[PDB]
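Residue numbers (the entry's author numbering), protein chains in the order written: chain L, 156 to 207; chain I, 460 to 494; chain O, 6 to 474; chain j, 288 to 474; chain N, 1 to 135, 162 to 390.
Backbone N, C-alpha and C fix where the C-beta goes; we use that ideal spot for every residue, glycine too.
The next block holds one structure in the form of structure tokens; read it before the comments.
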Amino acid sequence: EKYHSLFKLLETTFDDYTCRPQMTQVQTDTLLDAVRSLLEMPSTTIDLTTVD
Amino acid sequence: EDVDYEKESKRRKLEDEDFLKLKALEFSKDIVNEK
Amino acid sequence: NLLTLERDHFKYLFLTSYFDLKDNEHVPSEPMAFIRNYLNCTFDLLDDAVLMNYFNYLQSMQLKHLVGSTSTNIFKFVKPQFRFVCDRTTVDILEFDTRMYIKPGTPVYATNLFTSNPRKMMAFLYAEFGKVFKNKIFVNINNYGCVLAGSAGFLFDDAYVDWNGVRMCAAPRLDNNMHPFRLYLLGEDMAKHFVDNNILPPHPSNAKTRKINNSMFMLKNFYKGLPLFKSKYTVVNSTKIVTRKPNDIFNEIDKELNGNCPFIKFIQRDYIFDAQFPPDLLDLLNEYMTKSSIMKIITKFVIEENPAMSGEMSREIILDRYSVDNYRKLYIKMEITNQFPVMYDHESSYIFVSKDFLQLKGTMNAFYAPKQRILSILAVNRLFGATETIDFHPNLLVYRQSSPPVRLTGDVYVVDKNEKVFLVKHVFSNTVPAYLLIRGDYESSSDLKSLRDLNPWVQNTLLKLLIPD
Amino acid sequence: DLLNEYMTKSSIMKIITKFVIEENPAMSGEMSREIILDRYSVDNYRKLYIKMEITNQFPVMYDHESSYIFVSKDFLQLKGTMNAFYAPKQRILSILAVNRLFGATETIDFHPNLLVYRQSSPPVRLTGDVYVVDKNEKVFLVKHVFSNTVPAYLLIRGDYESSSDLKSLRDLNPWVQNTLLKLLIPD
Amino acid sequence: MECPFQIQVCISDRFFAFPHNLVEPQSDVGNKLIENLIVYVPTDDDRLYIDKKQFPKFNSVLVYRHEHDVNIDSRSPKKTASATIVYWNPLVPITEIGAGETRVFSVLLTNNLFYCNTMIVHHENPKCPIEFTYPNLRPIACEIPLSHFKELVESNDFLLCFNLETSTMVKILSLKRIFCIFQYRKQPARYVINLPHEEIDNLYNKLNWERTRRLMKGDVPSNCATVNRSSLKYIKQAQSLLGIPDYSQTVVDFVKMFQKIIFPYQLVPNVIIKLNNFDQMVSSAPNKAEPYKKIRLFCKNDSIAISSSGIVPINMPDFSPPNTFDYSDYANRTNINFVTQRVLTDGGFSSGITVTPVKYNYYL
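So, in structure tokens, the structure goes:
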């Protein structure tokens, strides 16, 4: 699931329009954390902007 | 009756406290060289 | 007819038997009489099957270290009754405290037998061991008994003895026993032989005159004998609480200590982890307490006075996990003569954590506060109520760049002349001694002080906190 | 089943030991439990733990009979040989002084090219008894003992100069002498 | 190794010197007393300390240096009955035995002797010498004490050597004898060694294995030892970070001083946990990384015990997998992050902040 969330987010791009999804603040944050984990980086300031 | 050994062990401790003394006799210069 | 009693009274049976009863009044009269008979140990008067049922009920209340059992003869002959394994014991630093060597992981049993006095009898056991083996060399015989490469051996020792905990550090003794020392056995072949031996020692202490019980020594089945005494508290009000959440317990604690009383007593009974228990058994147990058991005094980090918040003294208010997992908060009339688990003199109280003070990870008695960027160490008291910690890092120790004409008063202890680190005394609310760490340009009335000249309590803490690692 | 309860004093017997490298101090006190194995059946085996004993009797044996060492799985025994083996990691050939190998399942045929002639360095010095296998091929044998307890002789080929105290191969034991006599394969 | 029948081994620290009294003529079955006696010694110089005249009960006495044969190695040594035989502080396996039970006397339990008939007559030496180090002096010969024993009796500071060619086993034996003879002195002498010591620390590990081999049958003595280089440097750094009233204060004093606190605070000093950590093996074990080797510590009349993890019920393991668990709604990642951001904003800190929940084992 710590993949599926991201996977879904990116899959929405198959709609191809540049509309930006709402940040479901809580889940978005936990998701960012999961991203950090799955990237195994030393907490190198992974951020929303890089995700965007 | 005291079947245990600790009394004799203490005796050993005393004897060991004495034990170093004998070495002087054992090794000091000697009256004569028999050869 | 044989004397007999109902299953249910096993409650009393166990209670009295196992925890070194003193009082005998409050047990119901007829079961009490039966128990008295049993302590007189005239086995012939009581049904065996009763006993077997009781033992199976104990198997249900599955106490961990039970020795496996198959015969009533366990009551009528010397037998082991509990089971242990030699822990590491692997340290060299402190003295052996006469804790004689044992091979690591040696299996161990405790006997049913206690004696008032070693050295009078053990020749008998020596003869028995002589039966157990013929050829022998260089037995490590000692006052306490046979030792041989550890392996087969035995010794008298006190009841509650730990196995292979690394120290017997000094502590006062509370209890008294006619027969303080249970025998314990080492080497499985001895116990195996004793399965057949089916014997009781000769008892010349009573002229060998067939006496059930002996002036110098006494069997007891599974008697642990832990300290106990009856509750007598002048109850005022009570509440029962069921939860496992620790943060929940702390929320309750806060709620309570918004009350006016400066402090709260709190306890935990020791035996709670030992096995399953009947709730009725817990109900009976509630009316007694064990004087060894852990207890604490706790207060808030008192700041300032609400003038109305006063006069509560009459209420004495206490809490304990009467259940392994559940609690029985109590209000009682304030009283002197009531008695409590023993605590060493001068024992520090505890200070409940503040909701903005952060305990240093892997530490005690020290914390940090962000809003002023300050590190603080309690001089004496011990932190309580923390749920989360922050690890130390040197970056926290931001030294101040302030203008040179600094000045200070009170004791200065230099920490590092090079890093310009220092420690100074302070008292919070003119009542709590503490020390303040500081770094940077700072100055005093000279009067330098040496780290040597300080409490070990703070010193060990500092020793870790420096983290030369 | 009936036969098991008697035994024949002529029957084959051996003892075998590990190549005891090192000391685990905890590995102690086992003596009471003696351990035995035999093919009681023509084709099935009985493993036994017994109480340690003196008076029980076993098939007669000549005095001083050498027990065997279980194979070290990191070596190979040499084809058609007892008494010798090889190890690759150090490129070393080995021969037991007196002990006897056991547990090999496969052997390498010896070939001379195995014998690294280490050109080495002009200065070399060695000590103890040394036996010139060949002056010309710079081949020598040297006393050694593993683990203070495993007498053996080390073959070598190379500069490997030594103290003057050169010793004659004539003096050595017949067992090793015959072993070497084959292993030379002057054929 | 096989230990052949017909041998007895005596350990005794007194055997550092030859016990001329104790030996008696052996006789074969049929009372064939054998007044011929042969002895073996580690080195011919050792012969220089034996008097033939001590043995009027004997009539024929000879000695040689031991030599480890090759051609005649046996698990089952050569037999002889023409002479009684003795070995004395032997280092290496023996291949010959006389009539009747042969006896051998040594200070050092080698692995070779482990599974063998042995007697120790051990006793506690209360006193232990004090090791010392410095960047006034008196020498002591490393090879032999015997021509110097009185001086070691009559002084308490010494420095000791080796010749570069010394066999390791000889080094071990000499050191053992040295310490053993010191342990009878009344003033524990300062001593130092003129050696690079890197392997000597492993020699101390050998000494530890030897003491354990002793303990397999021994006095459970209050023996004194330590890991040096790592432990030493750590302790030095600690004292330097603290007040250094004496750069040469005994190491054990700090432990003794810290003892006062253990019971009243019912918790473990960090020093003792960094000990059994800097140790290679009796430790968290850098040899293996064995952090689970926590200490359990106990005191008189405790209903309880103390550990690196805190309070425990007596005679129990670390923790119960079932528990009043650290229920994760507390210490939830989300909440943790929340609090952490709050903290960070309060501090104005960029980086280096980390946090962790507390936990409990059984007692809470």
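Nearest neighbour of residue 348(O) by Cα position, chosen from 102(N), 292(N) and 60(N), turns out to be 292(N). Contacts with chain N (Cβ-Cβ distance below 7 Å) from the stretch 322-333 of chain O involve 330, listed in chain order. In the three-state scheme derived from DSSP, where H, G and I count as helix and E and B as strand, residue 359(N) is classed as helix. Bridge partners of residue 325(N) according to DSSP: 174(O). By the Cβ neighbour-count rule, residue 133(O) is buried, with 16 or more other Cβ atoms within 10 Å of its own. Taking 9 Å as the Cβ-Cβ cut-off, the stretch 111-134 of chain N approaches chain I at 121, 123, 124, 125 and 126, given in chain order. When only Cα atoms are considered, residue 309(j) and residue 115(N) end up about 15 Å apart. When DSSP assignments are scanned along the stretch 107-162 of chain O, the uninterrupted stretches of alpha helix (DSSP H) that are 4 or more residues long and fall wholly within it turn out to be 128-137. Counting C-beta pairs with one atom in each stretch, the stretch 96-111 of chain O and the stretch 246-254 of chain N have three or more that are closer than 8 Å, which means they touch.
Pairing residue 475(I) with residue 212(N), the inter-Cα distance amounts to about 12 Å. Beyond the five residues adjoining it in sequence on each side, residue 386(O) comes within less than 8 Å, by CB distance, of 353, 354, 355, 356, 370 and 437 in the same chain, given in chain order. Against residue 179(N), the close residues of chain I are 479, in the order they occur along the chain (beta-carbon pairs closer than 7 Å).
Within chain I, the residues placing a beta-carbon under 9 Å from that of residue 128(O) are 460 and 462, ordered along the chain.
The beta carbon of residue 15(O) is closer than 8 Å to those of 59 and 62 in its chain, skipping five residues each way along the sequence.
The C-beta distance from residue 364(O) to residue 394(O) rounds to 5 Å, short enough to meet the 8 Å contact threshold. For residue 333(N), the enclosing beta strand (DSSP E) covers residues 330-333.
In this structure, DSSP gives residue 323(j) an extended state, which the three-state scheme calls strand.
For residue 77(O) against residue 53(O), the beta-carbon gap comes to about 5 Å, under 8 Å, which counts as contact. Neighbours of residue 475(I) in chain N, taken as residues whose beta carbon is under 7 Å from its own, are 123 and 210 in chain order. For residue 470(I), no CB of chain N lies under 8 Å from its own CB, so it is not counted at the interface with that chain. Within the stretch 358-376 of chain N, the residues whose Cβ lies closer than 8 Å to some Cβ of chain L are 359, 360 and 363, listed in chain order. Put simply, the CB of residue 465(I) is near chain O, with a gap under 8 Å to one of its CB atoms.
For the C-beta of residue 185(L), the chain N residues within less than 9 Å are, from N- to C-terminus, 359, 360 and 363.
Using a CB distance cut-off of 8 Å, residue 195(N) does not count as an interface residue toward chain O. Excluding sequence positions up to five before and after residue 331(O), its CB lies within less than 6 Å of the CB of 247, all in the same chain and listed in chain order. Annotated as distal: residue 67(O) and residue 226(O), with beta-carbon spacing of 8 Å or more. If you check the CB distance, residue 159(O) and residue 130(O) come in under 8 Å. When the beta-carbon positions are compared, residue 12(O) and residue 463(I) stay at least 8 Å from each other.
In this structure residue 428(O) touches residue 440(O) by the C-beta definition: roughly 5 Å separates them, less than 8 Å. Note that the C-beta distance between residue 423(O) and residue 356(N) is not below 8 Å. Within the stretch 385-404 of chain j, the residues whose Cβ lies closer than 7 Å to any Cβ of chain N are, in chain order, 385. According to the DSSP assignment, residue 383(O) belongs to no alpha helix (DSSP H) but to the beta strand (DSSP E) extending over 379-383. Below the 9 Å Cβ cutoff, chain j contributes 313 as neighbours of residue 109(O), in chain order.
Between residue 41(O) and the set 9(O), 397(O), 57(O) and 201(O), the nearest pair of CA atoms involves 9(O).
Taking a cut-off of 8 Å on C-beta distances, the stretch 465-473 of chain j does not touch the stretch 88-104 of chain N, as fewer than three cross pairs fall below it. Residue 159(L) and residue 374(N) have their C-alpha atoms roughly 35 Å apart.
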